[PDB]
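Just the one chain here, the form deposited without ligand VUO, laid out as structure tokens.
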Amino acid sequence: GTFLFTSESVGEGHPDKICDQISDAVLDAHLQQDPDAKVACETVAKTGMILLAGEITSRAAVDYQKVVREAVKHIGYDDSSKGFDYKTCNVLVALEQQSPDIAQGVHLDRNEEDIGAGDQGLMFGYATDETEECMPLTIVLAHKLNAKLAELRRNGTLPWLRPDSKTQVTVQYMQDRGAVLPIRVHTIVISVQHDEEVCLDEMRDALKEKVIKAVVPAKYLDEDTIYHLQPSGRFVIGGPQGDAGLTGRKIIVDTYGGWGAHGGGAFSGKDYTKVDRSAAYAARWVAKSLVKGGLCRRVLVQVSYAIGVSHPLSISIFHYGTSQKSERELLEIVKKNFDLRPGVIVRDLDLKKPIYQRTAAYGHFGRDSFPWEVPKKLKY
């Protein structure tokens, strides 16, 4: 009845995550001035370069140089010794207006509640009762290990740390009537960029004592747990210098760490009309509402859309055998309690608010009581 499952997370300075945070800093800058901004901002990062590419139609006047550099400063890349510096990097902009053909088919001359989906696509929401926040333990622990590295870097405890990091956690689970129960941590990987002076033994000792022990409960760690700490042996070159980053290349880290399912759409740099983000947030909200409402212990929700059409084309629910209700019954409850048109999701989840940069590291789900994390009281 036991099995292993692995998930990973990355830090704020991982190059792909830098791009997600910059794309959402650009989105938030537009929404601060124009709540109805149409934004599709992709970011690319390589040695010394941030490139913004995409489509924005907005009444805002945004200083992209300032917005980009402030996001990079927050992450911690502030000196050429670290491989990247917000003060002196190149910021290139290739942003055009939203295609008028998309605009006419999606939102022009449409009542807000009846706006079409901004694209076709499929999206999933997932929730599990294995943690209070209704997220898989593998991904929660992986995110917390990266957050702990950033905390110790920022407080000067481990001054050799740099912003680029990756973690990976394998947990041994027990199957429990469709639900899953974590038993123990089988393997942990941590790789983090570091300065030239610190030795490997000092880093491995600190990663075990100050990072892992400060995050993972001792009850999950035993004599058999395997640790791969700085497994490459050297990670001085990092950030965009070590690996090109792009927006929307960490979509599994952003969601459920491999659990549930994913429809392929990226979240960062997109306004509410792009259902890749708004409908995935709404599907998480539905899934978490079904679990917190006591209808299931674990659930997956799929929705899909066509560009220009407001109502979802399909809606499906899988409860893994953890509900006494059938899928037909759960779908009826969802129909009576939720309206998954993008023009209604925007109102329910307050999706014109400029809080998106806060979602772009450490996962979009299971944190900070964002609107999609506050369960809806269900009537049935």
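We call the rigid core the largest set of C-alpha positions that still match within 1.5 Å between the two forms. The first residue of the shown sequence is 1; numbering continues from there.
Asks: Of the stretches 328 to 336 and 347 to 355, which sits farther from where it is here in 7 other deposited structures of this protein, on average over its Cα atoms, after fitting the core?
Replies: Looking at 328 to 336 versus 347 to 355 in 7 other deposited structures of this protein, the farther one turns out to be 328 to 336.
Asks: Take the C-alpha B-factors listed in the entry for 156 to 164 and for 299 to 307, compute each mean, and give the stretch with the larger one.
Replies: Comparing 156 to 164 with 299 to 307, the higher mean C-alpha B-factor belongs to 156 to 164.
Asks: On mean Cα temperature factor in this entry, is 179 to 187 or 277 to 285 the higher one?
Replies: Higher mean C-alpha B-factor in the PDB entry: 179 to 187.
Asks: Go through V169, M123, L149, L108 one by one and give the residue whose Cα B-factor in the PDB entry is largest.
Replies: Comparing C-alpha B-factors across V169, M123, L149, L108, the top value belongs to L108.
Asks: What third of its chain's C-alpha B-factors does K46 belong to: lowest, middle or highest?
Replies: According to the entry, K46 has a C-alpha B-factor in the chain's middle third.
Asks: By the record's CA B-factor, is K73 among the lowest, middle or highest third of residues in the chain?
Replies: Middle third, going by the recorded CA B-factors of the chain.
Asks: Lowest, middle or highest third: where is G366 by C-alpha B factor in its chain?
Replies: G366: CA B-factor falls in the highest third of its chain.
Asks: Would you check the entry's CA temperature factor for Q230 and let me know if it's in the chain's lowest, middle or highest third?
Replies: Lowest third.
Asks: Check where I252 lands among this chain's C-alpha B-factors and tell me if it's the lowest, middle or highest third.
Replies: It belongs to the lowest third of the chain when residues are ordered by C-alpha B-factor.
Omitted here: the form deposited with ligand VUO bound. The next part is about that form.
Asks: Heavy atoms within 4.5 Å of ligand VUO in the deposited bound form: does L221 have any?
Replies: Answer no; every heavy atom of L221 is more than 4.5 Å from ligand VUO in the deposited bound form.
Asks: Would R367 show up as a contact with ligand VUO in the deposited bound form if we use heavy atoms at 4.5 Å?
Replies: Yes, contact at 4.5 Å.
Asks: Could you tell me if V140 has a non-hydrogen atom within 4.5 Å of ligand VUO in the deposited bound form?
Replies: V140: yes, in contact with ligand VUO in the deposited bound form.
Asks: Just to confirm, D129 within 4.5 Å of ligand VUO in the deposited bound form by heavy atoms?
Replies: Contact with ligand VUO, no.
Asks: Even though ligand VUO is not shown here, does it sit in the deposited bound form so that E133, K144 and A147 each have a heavy atom within 4.5 Å?
Replies: Yes, because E133, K144 and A147 each have a heavy atom that approaches ligand VUO to within 4.5 Å in the deposited bound form.
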